[PDB]
Structures are given as C-alpha cells and as structure tokens.
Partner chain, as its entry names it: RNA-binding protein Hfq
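Let's start with one chain on its own, the form solved without its partner chain, as structure tokens.
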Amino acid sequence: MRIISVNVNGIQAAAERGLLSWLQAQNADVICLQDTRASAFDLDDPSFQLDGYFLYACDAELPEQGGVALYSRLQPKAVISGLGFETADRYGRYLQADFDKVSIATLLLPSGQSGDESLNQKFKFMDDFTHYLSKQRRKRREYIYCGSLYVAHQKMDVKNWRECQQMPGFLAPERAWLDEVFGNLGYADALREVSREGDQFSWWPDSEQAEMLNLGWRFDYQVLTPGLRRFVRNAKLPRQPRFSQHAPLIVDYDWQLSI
C-alpha cells in the first residue's frame, strides 16, 4: 500500500504545474489532496480525473477558503465528510474514506499566517480536533490522517528553529498540541516511525533564497492510530518535483488495502 498526501495550494494552479501527470505515474493506492480551493462544480472538470481512480471531494462554502479531495483505486465502502465542528465543516477541511479495517482521511488546518483572526481560528480548530481524536481512541478501526497541519513538531522539523519560535508553525501552544497528539493520545507520526534524520521538510516560503538554503518546515504528516505504527515501510518528502509551496508526502505501508 502506497499513500501520497499533497497540499496543492489550489488544485487548478497545481494542475497547471503538472500535478496530475505526476500523480498518475506514482502507483499510489490512495492520494490525499488538501487546499483544493475548488467548489464541487469546479472539481467536476474531467481534467481533474485520474485514470484508474475514483475521486471524492469536499468543498468550503467559499471555495477558495479550503477544500480537500481523495483519489482511491478501490471504491470505498463509505465516504464521509466533516468532523462535526464549524472550523472544519464550513471549510471543506475533512474527508474520510472507509476501507476494510482502516479509514484514510484528508485533513486541512488553517495556517494562521495572516493575522490574529487566522491564528485564533487555527487554535480553535486544534482544540476541536483534539476533542475529536480524544473521543476516537476506543475505536477498533485504524485511521490514517493525511494532515496538512501547518505546525512543525520538533526542533529538527524546522530549519533554524530559534528564529521560528515566535512564528506561526512553531509556537509553544502548537508544539504542545502535537505533543498531546503523538504522546498522551497515542497517535504515531508515520515518517518518524522510519526516519529520525532532520532536513526533511514539506513546506517552504515561495522565495528564491529559501529554495537555495532549504529554509523549510515540516507541516505535512500522516498521523496514525497505534495499530498501524509497525506497518510503515517507507516515508519520503522529495523537494522536486513540486506543484505548490508544499512537497508531496509519499508513505509506503506493509498493508494490503481491501474492500
């Protein structure tokens, strides 16, 4: 099983950069896209279709404010959208497909990088999602959340961590939010289950120098229920090719996706 996750920063902009042609040739079983910025009507373009793949989507009320999508080779038993709180449902930030024994979800948080309103929204979403995850632990079924979280967990998840402590993405409350997710709540960080090396980033400012000096942040995760933590075989965040400000997260599992 191969799962690819990419924050496309607008699926049309990314398609123009060749996103879909690249996706087509990656032999993924499920693909999770975040931040499509596309209405349900927009995603009904036949150009956004991938051969061999079923496509499911969720939209924000104002399409440019969110939107997430999911391609799957197998047809899921069910597809559910929303988490049951405003900051997710009003924004098309959550979509989950159910398979045998495991569900795979695409998850988008607000970045909080444009003022205090945005950051407050971000914190709200974090608390609500923590409530949800806290309710979900007793569940027998496994989950993989392909999450574009806009938070970097540890020092090694950001280049030059010291100047990043006062910026959204590496603030103490955010870091503690992921401390709670991967610690007390028992969830696993897919990539960290197979790699403990640094310099593995998924997000860069759209600059000419950040590319040269790799001034990156690791904002993109595949967050796992514990029953899956020993099933991670590979995890990669290649810098190229790229179709947005984010790098694709490619994770390979020793699981045979079914039903």
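Residue numbers count along the first chain shown, from 1.
Asker: So, looking at the entry's B-factor column for Cα atoms, which has the higher mean, 54-62 or 204-212?
Answerer: Averaging CA B-factors over each stretch, the winner is 204-212.
Asker: Using only C-alpha atoms and the B-factors in the entry, which stretch averages higher, 159-167 or 124-132?
Answerer: In the deposited entry, the stretch with the higher C-alpha B-factor mean is 159-167.
Asker: Which of these, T36, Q49, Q222, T225, has its C-alpha atom at the highest B-factor, as the entry lists it?
Answerer: Out of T36, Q49, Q222, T225, the record gives the largest C-alpha B-factor to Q49.
Asker: Name the third of the chain's ranked CA B-factors that contains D100, choosing lowest, middle or highest.
Answerer: Highest third - that is where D100 ends up once the chain's C-alpha B-factors are sorted.
Asker: State the tercile, meaning the lowest, middle or highest third, of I4 with respect to the CA B-factors recorded for its chain.
Answerer: Lowest third, going by the recorded CA B-factors of the chain.
Asker: Place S72 in the lowest, middle or highest third of its chain's C-alpha B-factors, as listed in the PDB entry.
Answerer: Tercile = lowest for this residue's CA B-factor.
Asker: Which third, lowest, middle or highest, does the C-alpha temperature factor of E174 belong to within its own chain?
Answerer: Middle third - that is where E174 ends up once the chain's C-alpha B-factors are sorted.
Asker: Comparing against every modelled residue in the chain, figure out the third that the C-alpha B-factor of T87 lands in (lowest, middle or highest).
Answerer: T87: CA B-factor falls in the middle third of its chain.
This next part talks about the form deposited with its partner chain bound, which is not shown.
Asker: Could you spot which one of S103, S72, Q121, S81 gets a heavy atom to within 4.5 Å of its partner chain in the bound PDB entry?
Answerer: After the contact test, the surviving option is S81.
Asker: Would you please decide whether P76 lies within 4.5 angstroms of its partner chain in the bound PDB entry, comparing each non-hydrogen atom pair?
Answerer: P76: yes, in contact with its partner chain in the bound PDB entry.
Asker: Heavy atom to heavy atom, is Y56 within 4.5 Å of its partner chain in the bound PDB entry?
Answerer: Yes, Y56 lies within 4.5 Å of its partner chain in the bound PDB entry.
Asker: For 152-182: residues with a non-hydrogen atom within 4.5 angstroms of its partner chain in the bound PDB entry?
Answerer: If the 4.5 Å heavy-atom criterion is applied to its partner chain in the bound PDB entry, 152-182 yields only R162.
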